[PDB]
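Listed next as structure tokens is one chain, alone, in the form deposited in one PDB entry.
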């Protein structure tokens, strides 16, 4: 199984400078958690991180594996607030380099590693696992392999917090009393073709199946559905105000595409065609 470096890199290696125009300072690129009403995006992203890490029963000395570490905000938070060693995986060249600098400049004593590789090329024992918004890039065809590896790399009391967007079947969506449909399907095509090449959304039962079939017990499924529309609204508001900057670094063609993507997804979550859930997978 050769990781899909090309497709994944197609999106995230666009330009850190560009993503910085709409993501919060920690560069977290996933659904935030507005635990409190007046939280800033940065505070809500940290709260999301704590929500995920707080389910792992972390302890000093442990080694945490972050599958699809992104720009590393989660890894560094794990080190700094929870005092654990970390290992981060990503197919993005720019992310690997960025996190490599965070590691190089850290004054914390814990072990920190970032690899430009996929879980498909990682076979090392870890104490706990966290994966936020990376699953959507694996593809239905590799779900079983992922959980197999996850279960194999974890200790006896191991735990994996899998956070991923989930979707309903377009055919069955019509019964949910949800109009549009065609519009939804047409937008999904747009996303997979111009935003996330190779992307694929898993249904909740699909995650529950691959987990159980590989020896895991899903002890909790928490939805952050409403929180994503706001996260996306905040991302789009910033990008738009940074429009002039967006075109300079790239092109107005890229800008238009990203605004269409950010805003569109926001409505999709608002109406309920898509969801986002954190699965506590207990070994």
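Think of the rigid core as the biggest set of C-alphas that the two forms share within 1.5 Å after superposition. Numbering follows the first chain given and starts at 1.
From this point on, the text means the form deposited in another entry, which you will not see here.
*Asks:* For the set 121, 193, 111, 208, which residue undergoes a C-alpha shift of 2 Å or more between this form and the one not shown, given alignment on the rigid core?
*Replies:* With the rigid core superposed, the residue that stands out is 193.
*Asks:* Aligning on the core only, does the CA of residue 78 end up 2 angstroms or more away between this form and the one not shown?
*Replies:* No, residue 78 moves less than 2 Å.
*Asks:* Taking the rigid core as reference, does residue 158 move its C-alpha 2 Å or further between this form and the one not shown?
*Replies:* Comparing forms between this form and the one not shown, the residue 158 CA shifts below 2 Å.
*Asks:* Examine residue 134 after superposing the rigid core and state whether its CA is displaced by 2 Å or more between this form and the one not shown.
*Replies:* True for residue 134: a C-alpha shift of 2 Å or more.
*Asks:* Is the CA-CA spacing of residue 164 and residue 140 tighter or wider in the other entry than here, given a 3 Å or more change?
*Replies:* It is closer: in the other entry, the C-alpha atoms of residue 164 and residue 140 lie at least 3 Å nearer than they do here.
*Asks:* Do residue 135 and residue 235 move together or apart in the other entry, judged by C-alpha distance changing 3 Å or more?
*Replies:* It is closer: the C-alpha separation of residue 135 and residue 235 falls by at least 3 Å in the other entry.
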